[PDB]
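The file final.cif comes next; it holds mmCIF, C-alpha atoms and all ligand atoms.
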```
data_model
#
loop_
_atom_site.label_atom_id
_atom_site.label_comp_id
_atom_site.auth_asym_id
_atom_site.auth_seq_id
_atom_site.Cartn_x
_atom_site.Cartn_y
_atom_site.Cartn_z
CA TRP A 1 -7.95 -24.48 -13.69
CA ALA A 2 -5.05 -25.67 -11.54
CA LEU A 3 -2.66 -23.95 -9.16
CA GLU A 4 -0.06 -25.01 -11.71
CA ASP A 5 -1.71 -22.57 -14.13
CA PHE A 6 -0.36 -19.54 -12.27
CA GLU A 7 2.94 -18.14 -11.06
CA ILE A 8 2.72 -17.06 -7.45
CA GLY A 9 4.05 -13.70 -6.36
CA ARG A 10 4.29 -11.63 -3.23
CA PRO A 11 1.43 -11.58 -0.65
CA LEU A 12 -1.19 -8.81 -0.92
CA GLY A 13 -2.87 -9.24 2.44
CA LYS A 14 -4.72 -11.55 4.84
CA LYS A 15 -8.48 -14.71 7.87
CA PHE A 16 -7.94 -18.09 6.14
CA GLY A 17 -7.64 -15.68 3.29
CA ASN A 18 -4.08 -15.44 2.19
CA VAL A 19 -4.39 -13.28 -0.93
CA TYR A 20 -1.34 -13.34 -3.20
CA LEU A 21 -0.30 -11.41 -6.30
CA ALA A 22 -0.15 -13.89 -9.18
CA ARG A 23 0.35 -14.08 -12.91
CA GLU A 24 -1.23 -16.52 -15.36
CA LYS A 25 1.77 -18.34 -16.89
CA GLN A 26 0.00 -18.08 -20.29
CA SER A 27 -0.27 -14.36 -20.95
CA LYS A 28 1.48 -12.86 -17.97
CA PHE A 29 -1.89 -11.74 -16.78
CA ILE A 30 -1.53 -10.22 -13.36
CA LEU A 31 -4.38 -10.94 -10.95
CA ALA A 32 -4.91 -11.66 -7.27
CA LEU A 33 -5.28 -15.21 -6.00
CA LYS A 34 -7.26 -15.59 -2.79
CA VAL A 35 -6.59 -18.84 -0.96
CA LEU A 36 -9.16 -20.26 1.49
CA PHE A 37 -8.47 -23.21 3.74
CA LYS A 38 -11.16 -25.88 3.79
CA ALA A 39 -10.47 -26.91 7.42
CA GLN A 40 -11.02 -23.32 8.56
CA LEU A 41 -13.97 -23.04 6.12
CA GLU A 42 -15.74 -26.05 7.61
CA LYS A 43 -14.49 -25.45 11.19
CA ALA A 44 -16.65 -22.37 11.59
CA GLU A 45 -19.08 -23.30 3.84
CA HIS A 46 -21.88 -22.30 1.46
CA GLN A 47 -21.39 -18.76 2.74
CA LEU A 48 -18.64 -18.99 0.18
CA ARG A 49 -20.70 -20.44 -2.67
CA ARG A 50 -22.92 -17.44 -2.02
CA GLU A 51 -19.92 -15.21 -2.96
CA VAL A 52 -18.45 -16.99 -5.99
CA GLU A 53 -21.85 -17.30 -7.63
CA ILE A 54 -22.73 -13.67 -7.00
CA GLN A 55 -19.44 -11.96 -7.75
CA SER A 56 -18.37 -14.21 -10.71
CA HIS A 57 -21.45 -12.92 -12.49
CA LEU A 58 -21.24 -9.20 -11.69
CA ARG A 59 -19.53 -6.89 -14.11
CA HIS A 60 -19.00 -3.29 -13.28
CA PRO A 61 -15.64 -1.36 -13.49
CA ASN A 62 -16.45 -0.41 -9.93
CA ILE A 63 -16.96 -4.00 -8.80
CA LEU A 64 -14.04 -6.36 -8.34
CA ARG A 65 -14.13 -9.11 -11.01
CA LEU A 66 -14.08 -12.77 -10.01
CA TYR A 67 -12.72 -14.33 -13.24
CA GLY A 68 -13.19 -17.81 -11.84
CA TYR A 69 -12.23 -20.30 -9.15
CA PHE A 70 -11.05 -23.85 -8.51
CA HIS A 71 -10.25 -26.37 -5.77
CA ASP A 72 -7.62 -28.81 -4.54
CA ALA A 73 -7.26 -31.35 -1.77
CA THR A 74 -7.01 -28.75 0.99
CA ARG A 75 -6.88 -25.51 -0.92
CA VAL A 76 -9.72 -23.50 -2.53
CA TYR A 77 -8.63 -20.65 -4.82
CA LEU A 78 -10.62 -17.54 -5.90
CA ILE A 79 -9.17 -15.89 -9.02
CA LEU A 80 -9.87 -12.14 -8.54
CA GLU A 81 -9.07 -8.89 -10.33
CA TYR A 82 -5.83 -7.28 -9.03
CA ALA A 83 -6.25 -3.83 -7.39
CA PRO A 84 -2.91 -2.00 -7.45
CA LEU A 85 -3.75 0.69 -4.91
CA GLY A 86 -4.96 -1.41 -2.02
CA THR A 87 -7.96 -0.68 0.16
CA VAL A 88 -9.75 2.58 0.83
CA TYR A 89 -9.49 1.63 4.50
CA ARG A 90 -5.70 1.96 4.44
CA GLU A 91 -5.92 5.10 2.26
CA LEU A 92 -8.18 6.77 4.78
CA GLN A 93 -5.77 5.90 7.59
CA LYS A 94 -3.02 7.48 5.55
CA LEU A 95 -4.91 10.69 4.62
CA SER A 96 -6.83 10.63 7.92
CA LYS A 97 -9.71 12.43 6.15
CA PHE A 98 -10.77 12.84 2.52
CA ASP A 99 -11.56 16.17 0.82
CA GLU A 100 -15.02 16.79 -0.72
CA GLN A 101 -13.89 16.03 -4.29
CA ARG A 102 -12.34 12.65 -3.41
CA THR A 103 -15.34 11.82 -1.28
CA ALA A 104 -17.94 12.86 -3.81
CA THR A 105 -16.02 10.91 -6.44
CA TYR A 106 -15.84 7.70 -4.41
CA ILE A 107 -19.59 7.98 -3.52
CA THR A 108 -20.44 8.50 -7.21
CA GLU A 109 -18.48 5.41 -8.31
CA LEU A 110 -19.94 3.41 -5.41
CA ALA A 111 -23.54 4.43 -6.23
CA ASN A 112 -23.00 3.53 -9.88
CA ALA A 113 -21.74 0.09 -8.79
CA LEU A 114 -24.62 -0.43 -6.35
CA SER A 115 -27.15 0.79 -8.93
CA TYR A 116 -25.79 -1.92 -11.24
CA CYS A 117 -25.97 -4.45 -8.38
CA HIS A 118 -29.49 -3.53 -7.39
CA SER A 119 -30.70 -3.69 -10.97
CA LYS A 120 -29.74 -7.33 -10.73
CA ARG A 121 -31.40 -7.72 -7.36
CA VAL A 122 -28.04 -8.13 -5.64
CA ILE A 123 -27.45 -6.33 -2.31
CA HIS A 124 -23.98 -6.13 -0.78
CA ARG A 125 -25.00 -5.61 2.85
CA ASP A 126 -21.40 -5.13 3.90
CA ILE A 127 -20.22 -1.82 2.53
CA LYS A 128 -17.33 -0.38 4.51
CA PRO A 129 -13.76 0.95 3.87
CA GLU A 130 -12.16 -2.49 4.24
CA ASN A 131 -14.26 -3.88 1.41
CA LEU A 132 -13.48 -1.11 -1.08
CA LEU A 133 -10.35 -1.34 -3.28
CA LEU A 134 -8.66 1.07 -5.66
CA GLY A 135 -7.68 0.23 -9.21
CA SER A 136 -4.83 1.53 -11.37
CA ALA A 137 -6.32 5.02 -11.67
CA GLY A 138 -7.83 5.27 -8.22
CA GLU A 139 -11.20 3.86 -9.43
CA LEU A 140 -13.11 2.61 -6.40
CA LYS A 141 -13.92 -1.10 -6.61
CA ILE A 142 -16.47 -2.93 -4.42
CA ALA A 143 -15.35 -6.29 -3.12
CA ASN A 144 -16.15 -9.22 -0.84
CA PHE A 145 -19.82 -10.04 -1.60
CA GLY A 146 -19.60 -12.80 0.98
CA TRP A 147 -22.47 -11.16 2.75
CA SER A 148 -24.25 -10.31 -0.46
CA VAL A 149 -27.59 -11.84 -1.27
CA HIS A 150 -29.94 -12.21 -4.24
CA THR A 151 -19.41 -4.12 10.61
CA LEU A 152 -21.14 -2.76 13.63
CA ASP A 153 -20.80 0.99 12.71
CA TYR A 154 -22.02 0.44 9.21
CA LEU A 155 -25.10 -1.66 10.03
CA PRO A 156 -28.61 -0.16 9.56
CA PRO A 157 -31.19 0.01 12.25
CA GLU A 158 -32.96 -2.78 10.35
CA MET A 159 -30.08 -5.18 10.95
CA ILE A 160 -29.93 -4.43 14.67
CA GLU A 161 -33.61 -3.95 15.34
CA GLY A 162 -33.95 -7.70 15.82
CA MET A 163 -31.83 -8.11 8.89
CA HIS A 164 -33.39 -6.85 5.69
CA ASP A 165 -33.08 -6.73 2.04
CA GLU A 166 -32.86 -3.47 0.04
CA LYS A 167 -32.15 -0.03 1.45
CA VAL A 168 -29.43 -1.21 3.75
CA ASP A 169 -26.83 -0.31 1.17
CA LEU A 170 -28.09 3.24 1.11
CA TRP A 171 -27.61 3.50 4.86
CA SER A 172 -24.08 2.17 4.61
CA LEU A 173 -23.49 4.72 1.89
CA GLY A 174 -24.51 7.66 4.04
CA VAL A 175 -22.33 6.32 6.85
CA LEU A 176 -19.33 5.86 4.56
CA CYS A 177 -19.69 9.37 3.21
CA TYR A 178 -19.55 10.69 6.78
CA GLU A 179 -16.50 8.58 7.71
CA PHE A 180 -14.78 9.72 4.51
CA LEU A 181 -15.09 13.45 5.34
CA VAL A 182 -14.66 13.20 9.10
CA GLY A 183 -12.24 10.32 9.59
CA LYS A 184 -14.45 8.35 11.93
CA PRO A 185 -17.88 6.61 11.73
CA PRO A 186 -20.82 8.79 12.92
CA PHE A 187 -22.00 6.39 15.62
CA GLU A 188 -18.55 5.29 16.78
CA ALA A 189 -18.34 4.46 20.45
CA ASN A 190 -16.25 2.73 23.10
CA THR A 191 -19.11 0.29 23.55
CA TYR A 192 -21.34 -2.08 21.61
CA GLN A 193 -24.45 -1.13 23.55
CA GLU A 194 -23.93 2.54 22.73
CA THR A 195 -23.05 2.25 19.10
CA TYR A 196 -26.22 0.10 19.05
CA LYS A 197 -28.26 2.73 20.92
CA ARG A 198 -26.75 5.58 18.88
CA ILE A 199 -27.61 3.83 15.63
CA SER A 200 -31.02 2.74 16.93
CA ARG A 201 -32.03 6.43 17.62
CA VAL A 202 -29.82 7.89 14.84
CA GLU A 203 -27.84 10.07 17.14
CA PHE A 204 -24.89 11.77 15.45
CA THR A 205 -23.57 15.30 14.89
CA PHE A 206 -21.32 16.99 12.36
CA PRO A 207 -18.01 18.66 13.15
CA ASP A 208 -18.05 22.29 11.96
CA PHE A 209 -16.12 21.95 8.73
CA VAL A 210 -18.45 19.31 7.15
CA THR A 211 -20.32 21.57 4.66
CA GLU A 212 -24.05 22.09 4.29
CA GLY A 213 -24.29 20.11 1.03
CA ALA A 214 -22.63 17.06 2.61
CA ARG A 215 -24.76 17.43 5.75
CA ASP A 216 -27.82 17.43 3.63
CA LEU A 217 -26.97 14.19 1.76
CA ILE A 218 -25.77 12.33 4.83
CA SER A 219 -28.86 13.33 6.80
CA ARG A 220 -31.07 11.99 4.04
CA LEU A 221 -29.21 8.68 3.76
CA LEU A 222 -29.19 8.06 7.51
CA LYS A 223 -32.95 7.90 8.00
CA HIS A 224 -34.25 5.42 10.55
CA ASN A 225 -37.03 4.25 8.24
CA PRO A 226 -35.72 2.53 5.01
CA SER A 227 -38.45 3.86 2.70
CA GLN A 228 -37.46 7.32 3.78
CA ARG A 229 -33.87 6.98 2.45
CA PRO A 230 -33.25 8.34 -1.09
CA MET A 231 -32.82 6.16 -4.22
CA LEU A 232 -29.33 5.72 -5.69
CA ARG A 233 -30.55 8.01 -8.48
CA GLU A 234 -31.20 10.82 -5.98
CA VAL A 235 -27.68 10.41 -4.56
CA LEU A 236 -26.10 10.73 -7.99
CA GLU A 237 -28.08 13.91 -8.73
CA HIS A 238 -27.59 15.57 -5.33
CA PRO A 239 -26.08 19.09 -5.65
CA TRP A 240 -23.10 18.38 -3.41
CA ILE A 241 -22.30 15.29 -5.45
CA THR A 242 -22.60 16.77 -8.95
CA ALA A 243 -20.71 19.90 -7.92
CA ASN A 244 -17.80 18.02 -6.29
CA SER A 245 -17.46 14.72 -8.15
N1 LIG A 301 -8.66 -8.26 -5.33
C1 LIG A 301 -7.79 -7.76 -4.46
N2 LIG A 301 -6.97 -6.76 -4.88
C2 LIG A 301 -6.04 -6.26 -4.02
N3 LIG A 301 -5.63 -6.79 -2.88
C3 LIG A 301 -6.60 -7.57 -2.34
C4 LIG A 301 -7.65 -8.17 -3.06
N4 LIG A 301 -8.36 -9.03 -2.22
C5 LIG A 301 -7.66 -9.03 -1.10
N5 LIG A 301 -6.57 -8.17 -1.11
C6 LIG A 301 -5.87 -7.79 0.14
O1 LIG A 301 -5.77 -8.92 1.00
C7 LIG A 301 -6.47 -8.69 2.26
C8 LIG A 301 -7.17 -9.99 2.63
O2 LIG A 301 -8.19 -10.36 1.64
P1 LIG A 301 -9.63 -10.63 2.26
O3 LIG A 301 -10.03 -9.53 3.11
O4 LIG A 301 -10.60 -10.94 1.20
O5 LIG A 301 -9.31 -11.92 3.13
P2 LIG A 301 -10.18 -12.75 4.12
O6 LIG A 301 -9.56 -12.81 5.44
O7 LIG A 301 -10.44 -14.01 3.44
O8 LIG A 301 -11.56 -11.91 4.15
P3 LIG A 301 -13.18 -12.25 4.03
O9 LIG A 301 -13.65 -12.75 5.35
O10 LIG A 301 -13.96 -11.05 3.53
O11 LIG A 301 -13.35 -13.29 3.05
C9 LIG A 301 -7.37 -7.50 1.93
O12 LIG A 301 -7.74 -6.79 3.05
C10 LIG A 301 -6.56 -6.71 0.89
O13 LIG A 301 -5.59 -5.83 1.40
#
```

Represent the structure from my file as structure tokens, please.
Ligand SMILES: Nc1ncnc2c1ncn2[C@@H]1O[C@H](COP(=O)(O)OP(=O)(O)OP(=O)(O)O)[C@@H](O)[C@H]1O
Amino acid sequence: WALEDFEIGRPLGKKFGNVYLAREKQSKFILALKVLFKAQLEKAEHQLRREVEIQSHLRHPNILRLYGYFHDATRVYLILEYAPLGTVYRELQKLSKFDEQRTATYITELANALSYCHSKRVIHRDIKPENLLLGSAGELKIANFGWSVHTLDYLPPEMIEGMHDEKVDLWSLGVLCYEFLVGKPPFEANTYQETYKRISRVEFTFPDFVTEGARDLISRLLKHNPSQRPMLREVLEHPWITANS
């Protein structure tokens, strides 16, 4: 592949990452081209190989496809799937808060994607609104596996205790579900030392509108001990989820 093999379009967003809307000059295939600068990649490397390898190989309608990649003298290019509706982060800022049906639905799609990921021993470890995209029909799509392996408010007590490998994505899930329905992370604070303390002792409360069913699921996902969090299968079969998704 060569940069010459694509027509460049308008910019879709942006670190060293300038992501642009592009179209393969051969079949007009619309996709997103992420550009990464080597100087800025070295300056701060393999953290990127980590991605490419992982994501290239994944394949779930709810996981952003990495069709391939290539390099130049100073420019590395990741050829990704194009997500028409932008990020869930922006959507949440626009709606301020999601209803139970949208939330349940996003959680369902996200658990199906993670289930798929975990069945392949791949853990995202960086699930948050900014890393979730929406496809042409509003289908949630997990992206940026740069932290994946084989955000402060969304990190589990096991990543702040002193980093682990398997029920950290369930914690992030329970956090995300809360932020979806309430409009703000459950441990949000003005300070680092307090969001750290609040997460360390799992100190959070629910407004008064968050329903019982949601409270139940979130409470189960935000357990201090990993083993005590539910399996993705339990999430999918939770009453609140099946009744609202
Ligand atoms: N596949 C995609 N579909 C839609 N637009 C996207 C896609 N990837 C990136 N964009 C947009 O471009 C922005 C920048 O992309 P991205 O966050 O990956 O850049 P970055 O600074 O390189 O981040 P990271 O450190 O995770 O690699 C995103 O926040 C998003 O709005």

How close does stretch 136-158 of chain A get to stretch 54-59 of chain A? List, as a tab-separated table, each residue of stretch 136-158 of chain A within 12 Å, its nearest atom pair and the distance in Å to one decimal, counting all atoms listed in the file.
```
residue	atom	partner	partner_atom	distance
A:141	CA	A:59	CA	11.0
A:142	CA	A:55	CA	10.1
A:143	CA	A:55	CA	8.4
A:144	CA	A:55	CA	8.1
A:145	CA	A:55	CA	6.5
A:146	CA	A:54	CA	8.6
A:147	CA	A:54	CA	10.1
A:148	CA	A:54	CA	7.5
A:149	CA	A:54	CA	7.7
A:150	CA	A:54	CA	7.9
```

Counting all atoms listed in the file, which residues of chain A sit at most 10 Å from some atom of ligand LIG 301 (chain A), and what is each one's closest atom pair with its distance in Å to one decimal, listed by chain and rising residue number, as a tab-separated table?
```
residue	atom	partner	partner_atom	distance
A:11	CA	A:LIG301	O1	7.9
A:12	CA	A:LIG301	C6	4.9
A:13	CA	A:LIG301	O1	3.3
A:14	CA	A:LIG301	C8	3.6
A:15	CA	A:LIG301	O6	3.3
A:16	CA	A:LIG301	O7	5.5
A:17	CA	A:LIG301	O7	3.3
A:18	CA	A:LIG301	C8	6.3
A:19	CA	A:LIG301	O1	5.0
A:20	CA	A:LIG301	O1	7.5
A:21	CA	A:LIG301	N3	7.8
A:31	CA	A:LIG301	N1	7.6
A:32	CA	A:LIG301	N1	5.4
A:33	CA	A:LIG301	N1	7.8
A:34	CA	A:LIG301	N4	6.7
A:35	CA	A:LIG301	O7	7.6
A:36	CA	A:LIG301	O7	6.7
A:37	CA	A:LIG301	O7	9.4
A:47	CA	A:LIG301	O11	9.7
A:48	CA	A:LIG301	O11	8.3
A:51	CA	A:LIG301	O11	9.1
A:63	CA	A:LIG301	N1	10.0
A:64	CA	A:LIG301	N1	6.5
A:65	CA	A:LIG301	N1	7.9
A:66	CA	A:LIG301	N1	8.5
A:78	CA	A:LIG301	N1	9.5
A:79	CA	A:LIG301	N1	8.5
A:80	CA	A:LIG301	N1	5.2
A:81	CA	A:LIG301	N1	5.1
A:82	CA	A:LIG301	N2	4.3
A:83	CA	A:LIG301	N2	3.9
A:84	CA	A:LIG301	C2	6.3
A:85	CA	A:LIG301	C2	7.4
A:86	CA	A:LIG301	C2	5.4
A:87	CA	A:LIG301	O13	5.8
A:88	CA	A:LIG301	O13	9.4
A:89	CA	A:LIG301	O12	8.7
A:90	CA	A:LIG301	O13	8.4
A:126	CA	A:LIG301	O10	9.5
A:129	CA	A:LIG301	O12	9.8
A:130	CA	A:LIG301	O12	6.3
A:131	CA	A:LIG301	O3	7.3
A:132	CA	A:LIG301	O12	9.1
A:133	CA	A:LIG301	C2	6.6
A:134	CA	A:LIG301	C2	8.0
A:135	CA	A:LIG301	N2	8.3
A:141	CA	A:LIG301	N1	9.0
A:142	CA	A:LIG301	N1	9.5
A:143	CA	A:LIG301	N1	7.3
A:144	CA	A:LIG301	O10	5.2
A:145	CA	A:LIG301	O10	7.9
A:146	CA	A:LIG301	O10	6.4
A:147	CA	A:LIG301	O10	8.5
```

- Using only C-alpha atoms, find the one residue out of A:62, A:225, A:245, A:93 that sits nearest to residue A:138.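 Closest candidate: A:62.
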
- Message: If we count all atoms listed in the file and set the cut-off at 10 Å, which residues sit around residue A:24, ignoring sequence neighbours fewer than 5 positions away in its own chain? Please answer as a ChimeraX atom specification.
- Response: /A:3-8,29-31

- Query: So how many Å separate atom CA of residue A:216 and atom CA of residue A:105, to one decimal?
  - Reply: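 Separation between atom CA of residue A:216 and atom CA of residue A:105: 16.8 Å.
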
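Closest approach to residue A:109 among A:243, A:193, A:188, A:235: A:235, based on all atoms listed in the file.
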
- Item | Atom-to-atom span, atom CA of residue A:221 and atom CA of residue A:107, Å |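 Separation between atom CA of residue A:221 and atom CA of residue A:107: 12.1 Å.
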
- Grab the atom CA of residue A:242 to atom CA of residue A:118 distance for me, in Å with one decimal place.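 Distance reported for this atom pair: 21.5 Å.
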